[PDB]
Every structure is written in C-alpha cells, then in structure tokens.
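Visitor: model the structure of this input:
(chains A, B, C, D, E and F, ligands or ions: 6)
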Amino acid sequence: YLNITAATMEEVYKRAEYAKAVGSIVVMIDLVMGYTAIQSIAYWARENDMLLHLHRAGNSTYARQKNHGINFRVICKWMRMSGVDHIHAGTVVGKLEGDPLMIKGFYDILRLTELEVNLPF
Amino acid sequence: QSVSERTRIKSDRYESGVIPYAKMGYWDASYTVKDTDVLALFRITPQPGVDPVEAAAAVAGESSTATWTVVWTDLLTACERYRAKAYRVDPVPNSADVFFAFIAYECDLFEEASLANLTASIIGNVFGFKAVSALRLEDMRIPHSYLXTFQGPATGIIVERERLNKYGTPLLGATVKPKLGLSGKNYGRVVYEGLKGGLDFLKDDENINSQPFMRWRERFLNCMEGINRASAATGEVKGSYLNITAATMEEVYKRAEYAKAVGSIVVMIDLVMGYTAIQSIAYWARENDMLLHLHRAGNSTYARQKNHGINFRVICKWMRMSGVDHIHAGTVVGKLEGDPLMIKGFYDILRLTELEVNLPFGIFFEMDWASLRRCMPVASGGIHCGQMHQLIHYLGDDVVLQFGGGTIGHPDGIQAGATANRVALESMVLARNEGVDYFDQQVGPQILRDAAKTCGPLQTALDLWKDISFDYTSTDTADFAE
Amino acid sequence: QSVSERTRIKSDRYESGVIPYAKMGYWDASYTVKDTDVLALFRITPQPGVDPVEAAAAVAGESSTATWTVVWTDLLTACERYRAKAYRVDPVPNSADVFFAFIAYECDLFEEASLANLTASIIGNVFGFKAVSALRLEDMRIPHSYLXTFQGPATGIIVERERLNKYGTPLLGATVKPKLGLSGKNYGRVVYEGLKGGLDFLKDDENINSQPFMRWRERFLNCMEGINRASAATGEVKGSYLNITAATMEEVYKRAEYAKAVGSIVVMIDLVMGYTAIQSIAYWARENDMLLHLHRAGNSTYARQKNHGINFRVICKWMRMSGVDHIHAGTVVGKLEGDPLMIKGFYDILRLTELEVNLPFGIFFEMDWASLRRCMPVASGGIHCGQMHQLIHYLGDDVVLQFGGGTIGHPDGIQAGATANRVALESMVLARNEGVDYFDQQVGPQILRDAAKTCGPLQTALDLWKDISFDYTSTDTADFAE
Amino acid sequence: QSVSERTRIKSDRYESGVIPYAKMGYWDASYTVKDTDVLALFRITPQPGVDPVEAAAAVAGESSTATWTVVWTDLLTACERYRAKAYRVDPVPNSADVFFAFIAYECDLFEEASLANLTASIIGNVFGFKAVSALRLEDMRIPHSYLXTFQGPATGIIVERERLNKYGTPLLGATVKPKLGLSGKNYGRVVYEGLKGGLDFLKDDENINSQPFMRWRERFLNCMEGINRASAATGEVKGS
Amino acid sequence: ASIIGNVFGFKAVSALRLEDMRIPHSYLXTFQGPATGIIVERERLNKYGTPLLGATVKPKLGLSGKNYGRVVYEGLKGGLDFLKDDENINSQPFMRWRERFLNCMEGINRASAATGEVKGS
Amino acid sequence: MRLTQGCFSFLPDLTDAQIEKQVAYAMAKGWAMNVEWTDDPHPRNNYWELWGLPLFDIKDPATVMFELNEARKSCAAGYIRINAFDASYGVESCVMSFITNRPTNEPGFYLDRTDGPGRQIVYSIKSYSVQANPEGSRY
Ligand SMILES: O=C(O)[C@@](O)(COP(=O)(O)O)[C@H](O)[C@H](O)COP(=O)(O)O
Ligand SMILES: O=C(O)[C@@](O)(COP(=O)(O)O)[C@H](O)[C@H](O)COP(=O)(O)O
Ligand SMILES: [Mg+2]
Ligand SMILES: [Mg+2]
Ligand SMILES: [Mg+2]
Ligand SMILES: [Mg+2]
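Guide: Numbers count the residues shown, from 1 in each chain, chains lettered A, B, ... in the order given. Ligands and ions are numbered 1, 2, ... in the order given. Okay, here it is:
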C-alpha cells in the first residue's frame, strides 16, 4: 500500500499518478486527509484501476467514548459511500479498542448488501 | 393614413393571409431535378378531404422555407431558389388514399457534414402535421456533392477485412449472454471461449454499458486478456465490440480512448446515443484506427410500420454517411422483423458503390455513393447454424453473422457453440463455390449434416435447433412483390 | 463419455433448447412492485396465435436478460434478481387483440445518469420482434432513486422566470421566418423588431444551423445587437434561442461557448442531435448559466401513431430527466397534432412535482419527480392571437406561446405582430384573474375585440386570422374519453 | 526456368518497357466529361518533333497515375478509373506550334478540401518535363462536388459590406509608404490621418511584417489607437 | 515578400528573372538550416561511401495502403534504402493516410529485419 | 496447433481437387490469383513472400495449380496460401484467401505479458518457431 497522503490534493494526485505509472495494484490514504480529498481520490481509484486502502488515522479522537462523538459504524457507512476499498475496522484480540459485538457490527456494515436491526451488534 | 398601411404588400402572393402551400411555390410537376438536389420520397396519407397534391406541397413547404401564413420576409431572400418543390405524386398500389410524394430540396439548404441539419429539415416537424394522418420517409437521394462533405465509414469493409486478414467467407460473431448480470471477469471468460472456439468477434450486449454488477473498465481489461489469449491460441486477429455507449460525449470518449489504449481492434455504440454523438465518435474512429460497430437500438420504434415513420433503408444511408463501420441490418430468418427483399435492399445500400432503381428491394432512387466506403451489414438475432444455407443465400459474403444464443446455448460449452458455427459457415461456402445448389431445402441441410460427421459440435447443434423457425407475418413489406 | 456430455446441465430450466419466455422467469402476476423498480407500460399487438402473456413475457425478457434459447451463463449471475417481470396484462378498450403490458425492471439494470442506457434496455430491440405486429411504449415510472442520479432541468421554470423577471402571464415568443434563406443581418432585424414590439423571445428555426446563406457567427452577433437594442428600448430582459445544433459535439460546444461569450441568456438544440449530445449540453447549460430550449425535431416519426412507437409523454419524462429547460409539447388548436387531454397530460409531466394516475390524460403510473426541476412547455405551430382564450384555457400559466407566422405575417410589420400577441395575452389573463368565463365561445373573442379598440394591431390580427382553424381527425388519441 | 520469368506479364499494355502515354489510356478524344471531374486547360508548347496529342497525354499521365515505363502495380488498382484523360487538343490562334489541351481528372484523385493536393497533381511535375519546352495552366473547372468540401471566403463581399456598413460605392484604401523604415508610432499616425481624411482602410505593405525599425506589436497597438480615433472622428467603421 | 513580391508584374519591365542571391552570413545565422543534414543523415542510416538509393511507389495514385506497404517492403528488401509516397499521395478515397503509414511501417521493419540495414519510406 | 488464418482452416486440409474448384470459382468471378509463402505464422504478418507475380491474364485453373505445385517444389517448409484479388472499383482488395499447405507440426504461440500502468497489460504474441530459428529453417 503506497501511501499517497499529502498536504495538498495537488500532491496526492502526483503520488497517485506516479504509483499508477509504476504499476502498483494499490495505494493507501489516511483519514486525516479528510472527506473531500477522500471522495476525490476514490473517484480517482475507480478511474485508474487502483485499489484504495483507507487508514483510519484520527478516528479514535471522536470514536472511542460511549458518551460523546461519532460511533465508528457511521464512519464505515460514510467511507463505504465515498468509495474506499479497504478500511481498518478492528481486531478484537489486538492492541486497539474492540469489543466483539461492535466489531461485527462494523464488519457487517462494510460487507453486507443489506442490514437488519440487530441491537447487540 | 399611417406608414404601415401605405407600405402593406398588396400582391397576390405577399398580401397577408393564408394561401394553400401549392400556390406558395412548393408544387411543380414540370420541375427538372438537378444532380445537386436532395430528394425525398414520402409515403403520405392525407386526412379525408385534403387534396393529395396540397399534402405534398405542405410537407415540401414545411420541410424547407414555408410556414402556415404568408411572410413578407421571404422577399429579403432569394425565395424562389430556397423553396422545396414537390414534383411527383403517385398512388400506392392497393391504396385509394395513400400516396408517394417526391420532393426536391436545394443543396444549399443543408449544413455541410451534418446529419442533424439534414434531418431537422427532412424529419423535423412534418410528421406531426394535422393535415396528414400518416407519413413515412421511404427513400432519399443524397447527391454526390453533399456526400463529399461527409467522411463515410471510418474503416469500411475493404480495410476492415485487411485489418482482420480474413477474406472469402462471412465474418462471425456472437452477443454475450445473459444480456445483463455478468461480472467483468466472467465477460472475459465468455469472450475467450467464443473466440478460441472459432468466432472472429463477440460483443457486449447493447444494454451493457457500466452498471452495479459490472463497471466498464473491468470488462475492457478482462476482455483484452480474453482476446489476446484467443489470438495467441489460434494465430488469428480477434476482437470483441467493447460498448462505449455512455450518458455524455465526455464519458463515451473516455471509454473509447481506454479501448484504444488497451489495443481493442473494435468498439461499439448504440444508435440511442443519437446522430451528433455518432458523427463525433465516427470521426474519432477514423482518427484512432478503430472499427466502429453500430448497434441499431431503438430503430424499430420509427421503422417497423408500413404507414408511418422512417424506413430503415434511409437510416442505412444516414449511418453510412456519418461513418459507422458495421450496422445491424437484419437476418430474414431470425427472431427480428426482416422481409427478404427489403433486407437485400438495405444490404445493397450499405455495400454498393452506386444504386439503381429497384422497386422490389425498396430502392426508389438511383444514387451514386461518391466513393464513400462500404458499411458492413451485421445479421444478428435468433439465428442458428442450422440456417446457414439461407443466410449465405440472402446475405452474401460481406456480412457479420452473429450467434448469441446459437453459440452460448450449445450444451457442450461455448467453444463447441463457436466451432459448430464456423464449420457450418465454412463447409457451406466451400460448397457454394463448388457450384452446388445449396439454397435447396434438400441440399443445404445435407451439406451441414455431411460436415457434421467429422464435427460432433455441429451434429449436436443441428439436432438441438432443427425445429426452430420464426415464421410470422412481416409488417415492413414491399409495395411491389417478387 | 467426454467431459462436455458428462457436465451438461439436465435441469428443466437449464437443459439446452428453446422454452417460452413465460417459463423463463419473465412472468409473475403475483409480483409486488418495489419503490425502486423501473416500470414500463407497453401497448402490445401480438401476431395471430401468439399468447398475449407470452408476448409480454418476451418483451420483458428481451428488454432485460433473456435471449431466444436457454443459456447456462445465467447461473454465473444472480439471474432471479436481474430478470424483468411482466406483472399485469389488460386488454385495450375496443380491441380484442391489443393489450397493455406492465413490466418491472430492477434498478440495478441501469447505468446511473444515463438516458442512453435506459433506452437501450427499454427500446433497444423489442420493437423489431417478429412475435409482435405492433408495440407502443406508453408510460414509464422512473423511480425516485434513479431520478436522483440525473440533473433534471439545467435552469427550470422557477429560475427561468427569475432570470427573465417575468411572472403572472405566459411567456411569449416567435420562430423567425422564412425557415431558411435569411442572412445573419436580416435575422437580427427580425429579432430586434419582434422583441421591441413585445415578444420575450424569438428563435432560430430548427433547421437554421450554419449554411451558405447564413453562417452561425453572423447570426449570433447580429442577434445580440438586436437583443440588447430591444432590451434597452423596453427595460426588459430579452433573448433569442440561438440554435447551436451541429454535426459534432465539438461544434455544438463551440457554438454554445460563443453564445455564452456574447451574453445570450438562452440557446436551442434540436432533438435529432440525440440523447447523448442532449445530456452533455444539459450539463453544460447548468454549468454555464444558460437556458436550454429543446426543439423536438423528428419526435413525431415514432410518436404520432396509436399502434406503434413511443408516446410523447415518455419523451417528456426522459427530456426533463436529461435536463432541458423548454420542450415543445403542443398547441391543441394549432397546425400540429395535439389532442387536448393528451397535451394536458404532457404539460403535467413537465410541470408537476409528482403525478397521480389520471387515465384520461394518459398518466398510467403514479410518479414522484424527486425535486427535479420543472420543464417549461412550449406551444408553437400555427397559432394566432385570435385563439388566446383557448391557449390560456388548455395550457395554463407556465408555458411559452410562440407565434411565428402569427407575428411576422402581420401586414403592418413585425412590431405590430408582436404587440398584437402581447395585448391579446395580457388582456386575456387580466380577465381570467377577474373571474370572467373566458373560454366561452361568446366571451373570449369579445375580450380580444374589447382590448382591440385601443390596439389597432390586434384588431388587424383578429380580422386577418378570424377564419383560421386546423380541425382535423387527431391520430394520437386517448383510450379513455373526457 | 524461374517463377519470375513464367509469371512475367505478356499483354500489350502491361509488358515491361516504354510505350507512348497516348497508348497507356491518357488520350481519349471521345471521353464524356462527368460534372464531378476536375478539368484543366493547358497551353502546351511541345518540343520540336514531339506530337501534340502525345504531349497532352504525357501531361495527363504524369499528373495522374503514369510514369515513363509500364508497371504491373497498375493491375492492383482500378487503373482505368484513376487515369486522367486528355480529351481535347486544339490549335491555338496565330500559332502552329502551341496547343490547348483539356484534361479530365476523376474526383477521387484529390484529397477533400486540400489545395496542396490538387496543386501537387495539377502542377507538381509536368512543367519541368523535357518533352515539352513550355507549359501554362490557363484555367480549371473545379466541379461543384469538390467546391462543397472547401470553405470559400471566410467573410465574403456581402458580409464584409455588412460589417463595414458601406454599400453603393467601391471601398477605398491605401498602402502606407515608404514601404519600409517607419516605426509603429508613425505607422499609426499615417493610419489615423488617411482614415480621418476619408479612407475605409489603410494597409501594411506586403514586406512590412516585423523588423528592427518596427516590431509588430508596436505597429498593431498604435494602429488600433489610429483606427478607433478615426472611427470616433467620423462615425464610421474603419480599419487597417 | 520584398524580393519577389510585386516587381515581376511591373509594366515598365516585359520580363524579369531572379537569377541568384547573396544571403549574408548575418542573415543566415538567424535560420536553422537543414534539420538533420547530409552528415547526420548518413550517420542515422549507417551508410557511407556510395550515393543513397530510392524509388517512388507507382502507380502514382490508386493503390490501397495495404498494397503500398507491399511495394515498400519489396523494394526495400531488394536493396533500396528508401521508397517514397508520390507527391500527390496524401489522403484520398482509395487510400487514407493512417492506413498507408501503418502498412508501410510493417513493410519497412520487415525489410530491415531481413537485411540488417536501417530502412525507410 | 492448427493455424486458423485463411477461410477454410476449420475444414480439413484441402485436396488438390478441392483447391482447383475454389480457384475455378475465383477465376469465373473474374478475379486474379496469386500464391504466397511464409514461415512466420504471426497474426499480424501481413506480407507473406510473393511466389512471382499474380496471375492476371490467366484463363485456365490448371495454370494456377501448376504454379502452386512449383511453389511447393521450391519453397521451404512452412505455409503457402492462395489469394484472389478483385481490382474492381470499391473493392481493390483481396476477396478470398485460404491455406493450401501447412507444416506437419505447428507449435503455435505464447502470450507475452508486460506490465503497463495500473492494471493494463502490454501484450505480445510470440511464435515458438520464429524465436528458435531464422527464415527458411523454422519447421
Ligand atoms: O439483443 C439481442 O437479442 C441480440 O444480442 C441478439 O442475440 P441472440 O444472438 O442471442 O439472438 C441483438 O442485440 C439483436 O439481434 C439486435 O437486433 P438487430 O440485429 O435486428 O438490430
Ligand atoms: O417550424 C415550424 O413550423 C415552427 O417554427 C412554428 O412556426 P409557426 O409559428 O410559423 O407555425 C415550429 O418549429 C413548430 O411549431 C414545431 O412544432 P412543435 O411545436 O409541435 O414541435
Ligand atoms: Mg443484444
Ligand atoms: Mg420551426
Ligand atoms: Mg505593397
Ligand atoms: Mg512523384
């Protein structure tokens, strides 16, 4: 996953275009680049036969606490809409927060063709 | 009294008020046609009590310079020169109320190189006219001088065969099935197999553009893998008509540029994109060394009925002008409307260097084609290798025979489907050339059975679709039989 | 024995061979329509001996996933989901052999934002099918989810009136005449006069593109001089629909960019350019703050007859989707085919936020318009100020009434032509609002005569075309009267 | 012995070697001109002892499909179609050594909308032919079908007059003098003066392009001040 | 424009011929002169010692691009350094230019593969 | 594999009797025959080697079979084909082409794949025979 994350959309595009030119099957982007860059480069990936891997950098600033923020499941929806091909969604047993039922919720949001009410998930 | 009243035009022709279109300069039986005029043959059904010559004067009027009431601004122009003249009205055989109207239009009424401008005058309004209950555009005589403004086919029949390196038989093809549903990867599978088994082309279906089940790039890349694999496996040039039909001209070009970038010998477009997108992509095809396959989507909406619309033979002329390389023009014996002699006339329009009046085939005008290239006719739609004798008879040599269901429906697989079609084709042509009376109901099917003893895929096919015909009362019929 | 024979599919549905389309998954009377489906109403005439449900299963089949024989590749896809289902067949009133077929198509069969892709499935082939002697596409239910992929009108009725600063009456216009022949300088003369005398718009005729007698730049520049002169002379926003119809998308854009560069509030395009050129120029119009007038050239080739083709109401939906701002949709009382209640249904399709089943107007489906903007209907073709009571009655408020012959045919000049139309219009609307029974044969014409005592141009006009009507037997009629 | 020898062409037209142009298909006095043919008239002065009809045939050959010797590759084309045809050779008044030769060229010989291609065929080589001591292209008949491929004037007489708003007299003009030497600022002075005093146009001399004495941009800007000044002084459209 | 512009049509002169000109060094240095030139041409060709060799393809007009590529291959393979289009072969109904160019390139490279010489048309 | 260029390569190899009948067909239509040899079976090998000139003036089918036979006696192991050329206006092209001789064993081709940008592949079809040996000794 060649990271094309950069300060300016002009630089992200240089790096995307370079990666395509040299034959890479995939590029990565960081969530800290933010939504407008993401949607732009997701259109780019479609146009340029490129896998687009989304690292979720900064997500936990608003996703960690139960009382306040945005549950990461909403971010999965938004990011699935925008058009990233990978997104980091949790391990359960690894070093980053991950209750099993919430993770399975996220994984279903990312992977299913439809969702049905499932309160525990 | 006022300046307006004192300067009013008082002449017969240019006093204000309605006068019939036949008095306005739009009728002249004695008119001599010039080599440079554009001519139209209209099948007119007047409303009851409307004078048949007035119906033709109206169509002529309203397709050139006239409106419903008299206008003084006619006198600021060379109005005598710019008016169309209806110059002949014949009854239709067996109609006491339907007529053939020949109308001549001046060359200078038409924008150079512009199908859109031609059709604006010629079909724009006159078919909505209340004075007429029905109107069919039957033929046109596109003069040599107008033809030289158009490219004609991008590639053309001669150069096409030169690019394929394929001469002496008809060319072969198939539509991928099902129509929709298939993934890009599976599309490439069908194309590989169809080509490996013997087909020259496959095609995307007309409604395969870019969709949730398969987006267009995936199709294009997986299909090129299929194509080259088939070409390497056989030593023949192979291809598949990549559908570049899209919503916008910008997206069409994007798809066409991508098809070129990956080495596709051919692309396809649907007629529903419409004339101006078609002229552009036909220029683009000449400039980018591409075969341009025109699927005729939506054609039968205006072309099917005898009483009203546009005859398909006219569409052939307009599409050959614009510059497409292939156009679907019927099977005769398949699942789609195709009266034998009308289809032959269509094929003649697409393939000849000039045309000679031939009323049984619907060729109403003699017409030089100004060395515009020849358009390859395509016969697709419910045909099987069982009918090869008929297809070779009705369609001749320069034609793409396409076998969608008749390849992929084969029980032993798609390779076997393809191989059956090609052995059928080749064995039949070999026999035509030997001087055998192949179109005979006895002889033809036996040529295919003889060939089938050394080809099990073809015996399977002959036995599977032996029973199948599409014999139904044709609606687009000729007015003069045999 | 061989691998091909041992792996042949032996199931009922997927053994090789023809089976009727009604057994293939393309018929289901019990099928519940989803909010997201695309629905079509087809008027089908089966060939004699063809089962009416099999005719509708075929159309459904061949407009979605089916071909003539069975294909195993169906099983590589989610074939149950992608098949269209014909789900209702009704007889036509007074036909023992013509039927209404409702067919549901899955949302995912269609390319987003693509009229071309929609029409490839829906009209592509099924009208050439031999099994059917006739086929008319009568209505469609474009689901809310598909509609949101399209722009809809570039400008729309609301914003259009906001740009003109013109509210409370219909808008006014005229086609320049003669149709062809006029020089660019003289075109600007006609436009100046027409606008100075009171018209909001004039237009180039549909066949005015670029020609030997007048090339397009000369028209555009001389017309802007006319337009601004008229605007300065009156204190109103004025315009003329500059025809940018051309052979290639490259030339269209060139003309459209030039029209913008010189400040034209509006451009026009002809329908003959076709759907893909239309979608592009409709995006271009939103992005360049332009009104987009669609002239419907060639429409009546497929739209005129009751038995076969496409109903115009469907074209309205497709054209409002694509994003044109004006579309011609009939007069009722003019020189072109226009049955009163059909025209009202068309106007409702172009102007409402949703539609409710209304069979007398030909509105067969209920349909939300997804807040796509409203398309302004245009009434052009053989109408005069004498019929203002009728036009206001049949057409309502949001409409462009156009008076080509009924402006320029006026004896006292074009200014007087224009002024007559506007006084007629304004006096009539004033009286509608006052609560007068204006559509009455007695009352209406007297409102115009009353207004005519202080307006000599209008008394001239009323007396010149008092006699003129176009009463002929309409062919595009309704199946349910009153 | 060899395949080359066994397959040598043995006909009168396509056997190897030199035969007169008049016998290669380039002379045909009974040929009926099509309206689509391009025609040329040449005033041919054949070398002493060269046949007039042979020289006209040579000009037709070498401006269409011929070379000095026979080539089998003619038979890979519809060679009868493409050959130009000297169809008329007439004597010229008050001369017995100079002839008028009318030639006919198939429309398909010429690239559409290309003067360069027309003039490559019609004038390319034949003027430098030893067999003919002189040659003059006197006139041509450019057929309707060829003309519709060309634009013709950008503006024209009609629209030009419309743009200027002058009708009824000839238009007026003047070349700025001296031919060379003037600065841009003086150029614009002369342009202002002559437009104000009554000229519709002035003009740059043909050899005024851009030189050390005056670079083209200084001329253009100064001229537009002169033009517009004259236009404001007169109420007329003006130019240079 | 200066030297031949007007003077040949002057009335006071019955005939006029420009025979020669002395282009001064200083004017000449403003011009490029040959793009490649004799010396570099021979170097790109790898051919020094004998005059170079060519042939115009014939008939002048009428040949398809296919057959043009045939004539070019044959002539080059037989010993010619070059063939050429006729002056009046541009792009015409009988043969459009892209077809000629592509077919001649095949012919040219086939010739050079068969001989080990740089070839062209 | 079987090289399936030519228009009768899906039937079995043509006997001399069959070849003569296609040559007869061609000639009765007014067309001009020629004979060509290669041992580069590439699909894009447009220009096979000319066995003399095309037989333009020739009236008897037997003359063309006599030349085909002489090509067979003189050409190295490879492919030979007969083509029919139609010089009529609006054709001016080949209209029939079939293989009259093929090698006993054609090894065929492989597909060579070079990575282009993104997922695009620069394809090249490569001949086993042609890469192993030069012209005249490939079969
Ligand atoms: O959609 C189809 O049915 C086809 O793929 C044929 O498939 P099969 O080969 O499986 O029948 C073609 O698009 C139609 O023939 C077009 O009709 P026409 O050629 O008359 O325009
Ligand atoms: O060409 C004509 O005849 C018109 O200019 C009307 O002129 P008049 O005003 O002089 O009749 C319009 O283009 C037609 O009305 C179009 O028909 P519709 O509006 O039905 O599409
Ligand atoms: Mg199809
Ligand atoms: Mg009009
Ligand atoms: Mg001078
Ligand atoms: Mg030369």
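
Visitor: helices of chain F, start to end?
Guide: F:16-28, F:61-74, F:128-132 (DSSP state H).

Visitor: again with chain A
Guide: Under DSSP H, chain A gives helices at A:9-22, A:35-47, A:60-63, A:72-82, A:100-111.

Visitor: turn these into CSV, including distance to residue B:267 and mean neighbour count.
Guide: To be clear about C-beta, it is placed using only N, CA and C from the backbone, and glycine gets the same treatment. Output for the helices of chain A, formatted as CSV (distance: least, CB to CB, whole Å; neighbours: other CB atoms under 10 Å in any protein chain shown):
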stretch, distance to residue B:267, mean neighbour count
helix A:9-22, 23, 16
helix A:35-47, 19, 17
helix A:60-63, 47, 14
helix A:72-82, 31, 17
helix A:100-111, 35, 16
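
Visitor: looking at those, which is nearest to residue F:31?
Guide: Evaluated over these, closeness to residue F:31 peaks at helix A:35-47, with 49.9 Å, by CB to CB.

Visitor: can I get the closest one in CSV, CA atoms only?
Guide: Extracted C-alpha coordinates of helix A:35-47, given in CSV (Å, rounded to 0.1, in the frame of the first residue of the first chain):
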residue,chain,number,x,y,z
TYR,A,35,-13.5,13.8,3.4
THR,A,36,-13.3,16.0,0.3
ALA,A,37,-9.8,14.6,-0.6
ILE,A,38,-11.0,11.1,0.0
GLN,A,39,-14.1,11.3,-2.2
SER,A,40,-11.9,12.9,-4.9
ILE,A,41,-9.2,10.1,-4.8
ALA,A,42,-11.9,7.4,-4.5
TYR,A,43,-13.2,8.7,-7.9
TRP,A,44,-9.6,8.7,-9.0
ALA,A,45,-9.2,5.0,-8.0
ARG,A,46,-12.2,3.9,-10.0
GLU,A,47,-10.9,5.8,-13.0
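
Visitor: and for that helix, what's in contact with it?
Guide: Identification of contacts with helix A:35-47 by CB atoms under 8 Å, 6 or more residues apart in numbering or on different chains yields A:4, A:9, A:12-13, A:16, A:27, A:29, A:31, A:33, A:50-52, A:54, A:78-79, A:82-85, B:215, B:217.

Visitor: compute the inter-axis angle for that helix and helix A:9-22.
Guide: Helix A:35-47 and helix A:9-22 are oriented at 20 degrees to each other (axes from the mean of the first three to the mean of the last three CA atoms, to 10 degrees).

Visitor: residue closest to the middle of chain F?
Guide: residue F:81 (3.6 Å; CA atoms, centre = their mean).

Visitor: tell me how far the residue nearest to residue F:83 when sequence neighbours are not counted lies from ligand 6.
Guide: Spatial nearest neighbour of residue F:83, excluding adjacent residues (CB to CB, 6 or more residues apart in numbering or on different chains): residue F:97 at 4.5 Å. Note on residue F:97: its distance to ligand 6, by CB to the ion, to the nearest Å, is 31 Å.

Visitor: indicate the residue of chain F located nearest to chain D.
Guide: Distances between chain F and chain D by CB to the nearest CB are smallest at residue F:52, namely 3.5 Å.

Visitor: who's in contact with that residue?
Guide: Shown in contact with residue F:52 (CB under 8 Å, 6+ apart): D:3, D:4, D:6, D:7, F:34, F:35, F:67.

Visitor: and the residue lying closest to the last one once chain neighbours are set aside, how far from ligand 2?
Guide: With CB to CB, 6+ apart as the measure, residue F:35 is the residue that lies nearest to residue F:67, at 5.6 Å, once sequence neighbours are left out. Noted for residue F:35: a distance of 63 Å to ligand 2, by CB to the nearest ligand atom, to the nearest Å.

Visitor: just residue F:52 next, same as before
Guide: When residue F:52 is compared with ligand 2 (using CB to the nearest ligand atom), they lie 66 Å apart.

Visitor: same question, residue F:109
Guide: 59 Å.

Visitor: rebuild the contacts of residue F:52 as JSON lines, extending it with distance to residue F:88.
Guide: Formatted as JSON lines, the contacts of residue F:52 follow (distance: CB to CB, whole Å):
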{"residue": "D:3", "distance to residue F:88": "26"}
{"residue": "D:4", "distance to residue F:88": "27"}
{"residue": "D:6", "distance to residue F:88": "26"}
{"residue": "D:7", "distance to residue F:88": "22"}
{"residue": "F:34", "distance to residue F:88": "17"}
{"residue": "F:35", "distance to residue F:88": "21"}
{"residue": "F:67", "distance to residue F:88": "23"}
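
Visitor: from these, which is closest to residue F:47?
Guide: The closest of the contacts of residue F:52 to residue F:47 turns out to be residue F:34 (CB to CB; 12.4 Å).

Visitor: now what about stretch A:67-80, what contacts it?
Guide: With CB under 8 Å, 6+ apart, stretch A:67-80 has contacts from A:31, A:35, A:38, A:54, A:56, A:59, A:61-63, A:87, A:89, A:102, A:105-106, A:109-110.

Visitor: extract the CA atoms of it and return them as PDB.
Guide: The C-alpha trace of stretch A:67-80 is given here as PDB (Å, rounded to 0.1, in the frame of the first residue of the first chain):
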ATOM      1  CA  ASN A  67     -21.000   9.300  25.800                       C
ATOM      2  CA  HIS A  68     -19.800  11.600  23.100                       C
ATOM      3  CA  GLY A  69     -18.700  11.600  19.400                       C
ATOM      4  CA  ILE A  70     -19.400   9.500  16.300                       C
ATOM      5  CA  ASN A  71     -19.600   5.800  16.600                       C
ATOM      6  CA  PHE A  72     -17.200   4.200  14.000                       C
ATOM      7  CA  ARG A  73     -20.100   2.400  12.400                       C
ATOM      8  CA  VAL A  74     -21.300   5.700  11.000                       C
ATOM      9  CA  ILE A  75     -17.700   6.300   9.600                       C
ATOM     10  CA  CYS A  76     -17.900   2.800   7.900                       C
ATOM     11  CA  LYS A  77     -21.100   3.900   6.100                       C
ATOM     12  CA  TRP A  78     -19.700   7.300   5.100                       C
ATOM     13  CA  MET A  79     -16.400   5.700   4.000                       C
ATOM     14  CA  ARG A  80     -18.200   2.900   2.100                       C
END
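
Visitor: so how far is it off the chain centroid?
Guide: Distance of stretch A:67-80 from the chain centroid (CA atoms, centre = their mean, to the nearest Å) equals 11 Å.

Visitor: list the contacts for the residue in chain A positioned nearest to chain F?
Guide: Chain A approaches chain F most closely through residue A:49 (4.0 Å), counting by CB to the nearest CB. By CB under 8 Å, 6+ apart, the contact set of residue A:49 is A:20, B:217, B:221, F:118, F:119, F:120.

Visitor: minimum distance to ligand 3: which of the helices of chain F has it?
Guide: helix F:16-28 (34.6 Å; CB to the ion).

Visitor: do that closest one and chain B meet?
Guide: Yes. Helix F:16-28 is in contact with chain B by CB under 8 Å from any CB of the partner chain, via F:18, F:21, F:22, F:25.

Visitor: any buried residues in that helix, and which?
Guide: F:18, F:19, F:20, F:21, F:22, F:23, F:24, F:25, F:26, F:27 (16 or more other CB atoms under 10 Å in any protein chain shown).

Visitor: pick the one among the residues you listed closest to residue F:11.
Guide: When the buried residues of helix F:16-28 are compared against residue F:11 (criterion: CB to CB), the nearest one is residue F:18, at 8.7 Å.

Visitor: any idea how far the closest one is from ligand 6?
Guide: Taking CB to the ion, one finds residue F:18 at 45 Å from ligand 6.

Visitor: contacting residues for that residue?
Guide: Counted by CB under 8 Å, 6+ apart, residue F:18 has contacts residue B:430.

Visitor: find the nearest non-adjacent residue to residue F:120, please.
Guide: residue B:262 (5.8 Å).

Visitor: again, but for residue F:93
Guide: residue B:158 (4.7 Å).
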